[PDB]
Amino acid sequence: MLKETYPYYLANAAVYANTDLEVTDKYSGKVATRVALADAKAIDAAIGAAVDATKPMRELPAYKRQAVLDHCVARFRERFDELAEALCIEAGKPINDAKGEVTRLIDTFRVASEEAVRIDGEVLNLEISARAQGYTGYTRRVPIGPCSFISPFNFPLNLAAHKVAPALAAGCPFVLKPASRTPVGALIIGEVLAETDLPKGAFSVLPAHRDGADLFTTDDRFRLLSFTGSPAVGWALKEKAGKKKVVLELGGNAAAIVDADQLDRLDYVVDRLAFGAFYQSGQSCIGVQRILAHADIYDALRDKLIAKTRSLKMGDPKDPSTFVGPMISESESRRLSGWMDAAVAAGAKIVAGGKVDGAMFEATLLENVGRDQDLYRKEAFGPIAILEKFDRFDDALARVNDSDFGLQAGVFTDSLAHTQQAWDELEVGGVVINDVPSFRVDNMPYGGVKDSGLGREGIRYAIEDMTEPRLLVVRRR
């Protein structure tokens, strides 16, 4: 059970300012807790404190930044079940998927702990011509300054971690705005950070609705905005950011290709397709939305995938036997069911699932979806997948690329040539081979091209964005 109320964190300190943000249990619909909602005055105060903490943060030695991160790792391990249960409530996340997220939260912070003590530089040969005889270069990474972080509803812990943990490793103060539907995970991160010896102003965690969050984008005291969320929002915020650096982690309509040589592997393939399409009710930025299957294996794959989809239990996410929990809201279920209805009216067929009861949307598989349909081209963000057929690998690649988006794609194949062609031709951040696009391991470079992002996360890459190189050129004569 969640605590009755939660504070926000203003310049490292818990402030029980109000109880104005109600957070519901996404399965029962009951109010599960109330948290303090930050207004513009509080946001402004947090930003000023972050400016004031910039020098103290920059002066922390590497091993001290590591020690802060290690304290977080230890506390997250100690509170593992509490954290997983909180995710289950506030995100409606099936308990096995919630435990999966807490395991990843720990991985992300542990990678950051390791990277905090290996932010190395280079000794550069500058003697490339006679004019530069006797010069040598030395590099270091300096913290960029105060960072503005905005995170989405669907991984309340780990996607905040992908900003918070590298900021601490890099030596940047930050102000984090979690999603209002799922703020508790970030507030527990804040609680744990408040136990450490960080300078005042090193961090704030401030719940705020989007309509009250302008300063997170526009305030000129932030030197970086790093936003994870919908493409419609992220590209709009880039336009308003001003001088600061912008990093965007957005969405897409990810595809998985199943090649002709997969007959003897179909039970594995189907298990992974069902995971990617339907885990956490399809609410993943790399959830499987489109499945392109080679004609040689299409019928066998279809039959097994219909049976697998029908087998997935929907219900209370606290029950470990539940695979499909509630979607995040009835309004989001209605968005997706409208797209599904429109695809069917235009000729598509529901071949497994299809029933929708409020936010309880069954795992659903469709055939014959037109490539012009919203269900095909927009980001479904729910427990639906589209199955389509191809006859030659080039056509599968073209159809994956027939999208505004480009986050990840997956290919199940034993062909070396097809693996190489996919790497060459798929206009995505990441191509996964012999697993779904929905796979991520927390050290890997991660992000999108096209409308799906601008930049990469994963600890090393976030540290790079959160620092500025400073060159020392030394002339000897």
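Start at 1 with the first residue shown and count on from there.
- The stretch with the higher mean CA B factor, choosing between 94-102 and 118-126, is 94-102.
- Stretches 70-78 and 146-154 differ in mean C-alpha B factor, with the higher average recorded for 70-78.
- When the C-alpha B factors of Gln373, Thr182, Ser113, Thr139 are read from the deposited coordinates, the top value falls at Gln373.
- The maximum CA B-factor among the listed residues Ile291, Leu248, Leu336, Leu224, taken from the PDB record, is found at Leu336.
- Sort the modelled residues of the chain by CA B factor and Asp39 lands in the highest third.
- Annotation for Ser28: CA B-factor lies in the highest third of the chain's modelled residues.
- When all modelled residues of the chain are sorted by CA temperature factor, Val51 is found within the middle third.
- Sort the chain's modelled residues by C-alpha temperature factor and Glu457 lands in the lowest third, per the entry.
- The PDB entry assigns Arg272 a C-alpha temperature factor belonging to the lowest third of its chain's modelled residues.
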